[PDB]
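Enquirer: Experimental coordinates for this protein are included below, preceded by the sequence.
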Amino acid sequence: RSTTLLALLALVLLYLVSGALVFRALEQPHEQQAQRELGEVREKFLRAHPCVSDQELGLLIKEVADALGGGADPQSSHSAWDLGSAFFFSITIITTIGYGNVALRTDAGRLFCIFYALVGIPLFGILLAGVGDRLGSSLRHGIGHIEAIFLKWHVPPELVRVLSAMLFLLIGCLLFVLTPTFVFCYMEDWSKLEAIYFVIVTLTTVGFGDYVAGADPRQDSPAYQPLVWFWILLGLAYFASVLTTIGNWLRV
Amino acid sequence: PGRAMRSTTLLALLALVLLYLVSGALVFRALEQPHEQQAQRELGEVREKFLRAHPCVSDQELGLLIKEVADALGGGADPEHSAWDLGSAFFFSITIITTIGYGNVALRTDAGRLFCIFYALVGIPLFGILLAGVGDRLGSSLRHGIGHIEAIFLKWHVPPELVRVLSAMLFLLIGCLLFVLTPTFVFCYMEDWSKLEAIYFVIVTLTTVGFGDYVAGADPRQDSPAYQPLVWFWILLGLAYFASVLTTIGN
Ligand SMILES: [K+]
Ligand SMILES: [K+]
Ligand SMILES: [K+]
Ligand SMILES: [K+]
Ligand SMILES: [K+]
Ligand SMILES: [K+]
């Protein structure tokens, strides 16, 4: 369809512009303030210390950031490539989340990562779609036990459908969105919004990598990080099905 | 047209994926553990690199400097070009709907993070439908293509049935040339990346993994005509091509 295609494309283009302009209005003043803040501290350390060069001060500013990206001294002797984070990094590939919090450096690892991605993602894509309704229909199966008693006095079976369909969406969005946010606030000390901001960026596989729920499982997290990707696997599989079940319902 | 099949096939795949993620991790371990992180012991040794080269600065003064710049870098400081100009903000929007999400430029405003959530919840399905539109219209290009596969291609010692599997190889290749090999040769000469690093970028970009370690649109010089516009066009058309080919192969 020549008309329907361009009607959406132009709608997307205007949507891309409008999103950027709102993003510009929300982030530009915070950036300008931070740069002038760096502009102020740059002066006083050059003022108080004439022996320090204007460049030598800047080389430090780089070496502080350019080295510790990516590490901080405001993470006790943890390795960036232990069996856990490597297992995390592998999952970020096939899930296409790709946090990028840990960066590849070896060229040999980059080549293997390419072929790891080309084979892995379709392999996970089947499993994710596989478990999707495999878990989904298994959970809509349990809905039926309710619908039995939920069908007596003045109860229409036609409405029993929607009183379990939205409920299936409810407790699923409850178990896989509200619950992890309530957990991540009490495990990673993120704010109530920062947890929702993480889960949404995680489940949408945008994977900004600014927030990561599995940097390092303390020293007594019994299965926290294992529970993290377990939340990712079942969380993606569930919400992928929700994004498609609503996709066929939207075919109007 | 859906197979349940998972009563026994799922566990065969799930356990395969588990062993695949493990094998991928243990190989990733040996490939990156020797180089490892740059954390901690880099700030600590550049700290003493400063104390020795500059006597007039006390340890207490330098310590505050690091926290003063860390608070600055935690807002959008750039060591020696805005990070949220109309170009990069447009770039940042695309990274959302395309689910690539480099994260090279991070959200810091709490108000921006909320708006981004709804922008993702709505934007991705919107781009998701449009991407299908450049697969259905490309389907007409394929219907026009099936006329080509019957003629010429099977006249040699080449079977007509495998011609379907061999003529599509050319349609795959010329697109794999136009959207994979072509940008890599460009990015090596525009972003000065090595011959491998460009391929590392393209594959990660198109697969929407988006590690963000490499970005072919940080800032388009000052004389680049439409380089950055060419970049999302490479993505928007690049995502569209593989979207069609992977649905076309969906026989
Ligand atoms: K995807
Ligand atoms: K990403
Ligand atoms: K993705
Ligand atoms: K940063
Ligand atoms: K991603
Ligand atoms: K990322």
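Expert: That came through fine. Residues are numbered from 1 along each chain as shown, chains lettered A, B, ... in the order given. Ligands and ions are numbered 1, 2, ... in the order given.
Enquirer: Skip the chain neighbours and tell me the closest residue to residue A:143.
Expert: Using C-beta to C-beta, 6 or more residues apart in numbering or on different chains and skipping the chain neighbours, the partner closest in space to residue A:143 is residue A:164 (4.6 Å). Every residue, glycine included, has its C-beta placed from N, CA and C.
Enquirer: Residue A:46: helix or strand, and which one exactly?
Expert: Per DSSP states H and E: residue A:46 is located in helix A:2-47.
Enquirer: Please state the offset of that helix from the chain centre?
Expert: Offset of helix A:2-47 from its chain centre (C-alpha atoms, centre = their mean, to the nearest Å): 21 Å.
Enquirer: Next one: that helix, is it in contact with chain B?
Expert: Yes - using C-beta under 8 Å from any C-beta of the partner chain, helix A:2-47 comes into contact with chain B via A:4-5, A:8-9, A:11-12, A:15-17, A:19-24, A:26-28, A:30-31, A:33-35, A:37-38, A:41, A:45.
Enquirer: Look up how far ligand 5 lies from the residue nearest to residue A:143.
Expert: The gap separating residue A:164 from ligand 5 is 34 Å, by C-beta to the ion, to the nearest Å.
Enquirer: burial count for that residue?
Expert: Neighbours of residue A:164 under the rule other C-beta atoms under 10 Å in any protein chain shown: 17.
Enquirer: just residue A:47 next, same as before
Expert: A count of nearby residues for residue A:47, using other C-beta under 10 Å, gives 9.
Enquirer: Ok, residue A:163 next?
Expert: Counted with other C-beta under 10 Å, residue A:163 comes out at 16.
Enquirer: which residues sit in contact with the residue lying closest to it once chain neighbours are set aside?
Expert: Excluding its sequence neighbours, the residue lying closest to residue A:163 (C-beta to C-beta, 6+ apart) is residue A:150, at 6.9 Å. Listed by C-beta atoms under 8 Å, 6 or more residues apart in numbering or on different chains, the contact partners of residue A:150 are A:160, A:163, A:164.
Enquirer: roughly how far apart are residue A:150 and residue B:60?
Expert: Distance, residue A:150 to residue B:60, by C-beta to C-beta, to the nearest Å: 69 Å.
Enquirer: With residue A:119 instead?
Expert: Residue A:119 is 54 Å from residue B:60, by C-beta to C-beta.
Enquirer: Next: residue A:6.
Expert: 64 Å.
Enquirer: Check residue A:160 too.
Expert: 71 Å.
Enquirer: And residue A:187, by the same measure?
Expert: For residue A:187, the distance to residue B:60 - C-beta to C-beta - is 35 Å.
Enquirer: got it, and residue A:45?
Expert: Distance from residue A:45 to residue B:60, by C-beta to C-beta: 13 Å.
Enquirer: residues from the stretch 1-150 of chain A in reach of ligand 2?
Expert: Proximity of the stretch 1-150 of chain A to ligand 2 (C-beta under 5 Å from the ion) is limited to residues residue A:98.
Enquirer: Apply 6 Å and report the result again.
Expert: A:98, A:100 (C-beta under 6 Å from the ion).
Enquirer: tell me which parts of the stretch 1-150 of chain A are close to ligand 5?
Expert: So the stretch 1-150 of chain A meets ligand 5 at A:96, A:97, A:98 (C-beta under 6 Å from the ion).
Enquirer: Residue A:121 is in what secondary structure piece?
Expert: Residue A:121 belongs to helix A:107-149, assigned by DSSP H and E.
Enquirer: and that helix, what does it pack onto?
Expert: With contacts taken as 3 or more C-beta pairs under 8 Å, 6 or more residues apart in numbering or on different chains; DSSP states H and E, helix A:107-149 sits against helix A:83-94, helix A:157-173, helix A:224-249, helix B:9-32, helix B:195-206.
Enquirer: what about it and ligand 6, touching?
Expert: No - counting by C-beta under 6 Å from the ion, ligand 6 is not contacted by helix A:107-149; separation bottoms out at 13.6 Å.
Enquirer: And that helix, how far out from the chain middle?
Expert: 16 Å.
Enquirer: Okay, angle between it and helix A:224-249 too, please.
Expert: 60 degrees (axes from the mean of the first three to the mean of the last three C-alpha atoms, to 10 degrees).
Enquirer: Skip the chain neighbours and tell me the closest residue to the most centrally placed residue in chain A.
Expert: The centroid of chain A falls nearest to residue A:202 when counting by C-alpha atoms, centre = their mean (1.7 Å). Setting aside the residues directly before and after it, residue A:202 is nearest to residue A:97 in space (C-beta to C-beta, 6+ apart), at 6.3 Å.
Enquirer: contacting residues for that neighbour?
Expert: A:91, A:202, A:205, A:206, A:207, A:232, B:209.
Enquirer: what's the burial count for residue A:71?
Expert: Burial of residue A:71 is recorded as 16 neighbouring residues (other C-beta under 10 Å).
Enquirer: Repeat that for residue A:6.
Expert: 12.
Enquirer: Do me a favour and get the backbone dihedrals for residue A:204.
Expert: With angles defined as degrees, to the nearest 10, residue A:204 sits at phi -80, psi 0.
Enquirer: Pull the number of nearby residues for it.
Expert: With other C-beta under 10 Å as criterion, residue A:204 counts 22.
Enquirer: gap between the closest residue to residue A:110 other than its chain neighbours and ligand 6?
Expert: Leaving aside its sequence neighbours, residue A:110 sits nearest to residue B:200 (C-beta to C-beta, 6+ apart; 4.7 Å). For residue B:200, the distance to ligand 6 equals 14 Å [C-beta to the ion].
Enquirer: Mind telling me which residue of the stretch 151-252 of chain A is nearest ligand 5?
Expert: Proximity to ligand 5, evaluated over the stretch 151-252 of chain A using C-beta to the ion, is greatest for residue A:207 at 3.8 Å.
Enquirer: OK, contacts around that residue?
Expert: A:92, A:96, A:97, A:98, A:99, A:100, A:201, B:101, B:103, B:209, B:210.
Enquirer: Nearest to ligand 3 among these?
Expert: Among the contacts of residue A:207, residue A:96 lies closest to ligand 3 (C-beta to the ion), at 3.5 Å.
Enquirer: Quick check, the closest one in contact with residue A:121.
Expert: Yes - with contact defined as C-beta atoms under 8 Å, residue A:96 reaches residue A:121; the gap is 5.9 Å.
Enquirer: more crowded one of the two?
Expert: More neighbours surround residue A:96 than the other of residue A:96 and residue A:121, with 23 against 18 (other C-beta under 10 Å).
Enquirer: thinking again about what came up before, check contacts around the residue nearest to the centre of chain A.
Expert: Residues in contact with residue A:202 (C-beta under 8 Å, 6+ apart) are A:97, A:213, A:232, A:235.
Enquirer: Same check on residue A:42?
Expert: A:57, A:58, A:61.
Enquirer: What of residue A:120?
Expert: Residue A:120 neighbours (C-beta under 8 Å, 6+ apart): A:90, A:93, A:94, B:20, B:24.
Enquirer: now residue A:131
Expert: A:233, A:234, A:237, B:6, B:10, B:14.
Enquirer: what's the answer for residue A:229, then?
Expert: With C-beta under 8 Å, 6+ apart, residue A:229 has these contacts: A:87, A:88, A:91, A:214.
Enquirer: And the residues you listed, which of them are buried?
Expert: A:87, A:88, A:91, A:214 (16 or more other C-beta atoms under 10 Å in any protein chain shown).
Enquirer: In contact with the third one: list those residues for me.
Expert: For residue A:91, the residues meeting the contact criterion (C-beta under 8 Å, 6+ apart) are A:97, A:229, A:232, B:21.
Enquirer: The second one now?
Expert: Residue A:88 sits next to A:214, A:225, A:228, A:229 when contact means C-beta under 8 Å, 6+ apart.
Enquirer: Let's see that with 10 Å instead.
Expert: A:82, A:99, A:101-102, A:212-215, A:225, A:228-229, A:232, B:21, B:25 (C-beta atoms under 10 Å, 6 or more residues apart in numbering or on different chains).
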